[PDB]
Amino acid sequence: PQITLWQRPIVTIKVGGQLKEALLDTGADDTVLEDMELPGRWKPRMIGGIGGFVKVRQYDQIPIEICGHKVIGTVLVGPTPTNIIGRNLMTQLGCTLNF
């Protein structure tokens, strides 16, 4: 669709068998999800933002369904205050910024 930015661009996603709301975020290189269970091996990272850094687990090749579209990519899991869909998945949707 065409999503305006008058409000937060929040969409419903399905990941790890769980349904949740997440923010379409052009300012995020990668997708970052609030603490949840995911299968497989992971690697520790530190990612930085406005309040400083948060410790996350990096999972690779995680399928996520976003607005009825199945995409796959890197997901970072940790104590983020909100679920963020980053550029690494938005590209798979063919999502662009337009003005």
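In this text, residue numbers run from 1 along the sequence as written.
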Averaging CA B factors per stretch from the PDB record, which one is higher: 33-41 or 46-54?
33-41
24-32 or 55-63, whichever carries the higher mean Cα B-factor:
55-63
If you compare 7, 96, 92, 2, which has the highest Cα B-factor in the entry?
2
What third of the chain, by the recorded C-alpha B-factor, contains residue 84?
lowest
Third assignment of residue 13 from its chain's C-alpha B-factors
middle
